[PDB]
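Accompanying notes for the structure given below.
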Amino acid sequence: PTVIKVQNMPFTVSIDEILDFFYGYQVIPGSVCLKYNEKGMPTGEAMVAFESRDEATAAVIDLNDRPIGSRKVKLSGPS
Amino acid sequence: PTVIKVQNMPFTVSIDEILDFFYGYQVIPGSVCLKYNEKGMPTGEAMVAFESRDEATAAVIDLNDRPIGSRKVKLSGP
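Protein sequences appear in the order of chains A and B. The authors' numbering numbers the first residue of the first sequence as 875 and each following residue consecutively. The authors' numbering numbers the first residue of the second sequence as 875 and each following residue consecutively.
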């Protein structure tokens, strides 16, 4: 299972919108975690996982810069 | 950049409460991320990142079974 990072999401994003964004890509549905700063507010960042390293890589290639709402999401490959 | 998982926290928890739990360890700023299940609901679980693997390892060894709220938390990884 390889985890990628998602950044620049709008602050109103929902788990469903994240799952929809990766529609067609086999993201594991209960793997999403959303980051929040020290003041308890969402940072626009998330970690999401895929069943294989090859699927994480393909999502990162094909979906980097696609939108979620009005923002182009930034994806960073597995580490 | 080494993360551990935290489980069994109360479902309503603030980042503030989590950072207190880790007071003294070097939690990477902004790396606390609350895990949501398939239904998109809170779960009392989170990923937390530390600057070094040795830091993560100590956190897990020194803080396992300590509480957040009235629940004893389970730490694992990295």
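All residues carry an ideal CB built from backbone N, CA and C; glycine is no exception.
Simplified DSSP state of residue i, which is helix, strand or coil
i: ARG945 (chain A); result: strand
i: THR886 (chain A); result: coil
i: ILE878 (chain B); result: strand
i: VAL906 (chain B); result: coil
i: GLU925 (chain B); result: coil
i: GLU891 (chain B); result: helix
Own chain residues within Cβ distance below 6 Å of residue i, not counting five before or after
i: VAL901 (chain A); result: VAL922, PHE924
i: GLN881 (chain A); result: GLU919, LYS948
i: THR876 (chain B); result: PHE924, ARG927, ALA930, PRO952
Proximity to residue i [Cα-Cα], best of the options
i: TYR910 (chain B); options: A:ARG945, A:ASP890, A:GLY951; result: A:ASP890
i: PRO916 (chain B); options: A:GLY914, A:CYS907, A:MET915; result: A:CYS907
i: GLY904 (chain A); options: B:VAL934, B:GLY914, B:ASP936; result: B:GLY914
Distance CB(residue i)-CB(residue j) smaller than 9 Å
i: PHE895 (chain A); j: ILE942 (chain A); result: yes
i: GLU929 (chain A); j: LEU893 (chain B); result: no
i: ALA932 (chain A); j: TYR897 (chain A); result: no
i: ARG940 (chain B); j: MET883 (chain B); result: no
Sequence-distant residues of its chain with Cβ nearer than 8 Å to residue i (five each side left out)
i: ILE878 (chain A); result: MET921, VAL922, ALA923, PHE924, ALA930, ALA933, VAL934, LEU949, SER950, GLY951, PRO952
i: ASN938 (chain A); result: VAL947, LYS948, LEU949
i: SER888 (chain A); result: none
Beta-carbon proximity list for residue i, same chain, < 7 Å, skipping 5 on both sides
i: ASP936 (chain B); result: none
Could you run through the region 905–918 of chain A and flag, in chain order, every residue whose CB is less than 9 Å away from some CB of chain B? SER905, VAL906, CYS907, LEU908, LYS909, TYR910, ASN911, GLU912, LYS913, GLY914, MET915, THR917
Cβ-based contacts, 7 Å cut-off: residues of the region 878–897 of chain B near chain A: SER888, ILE889, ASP890, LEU893
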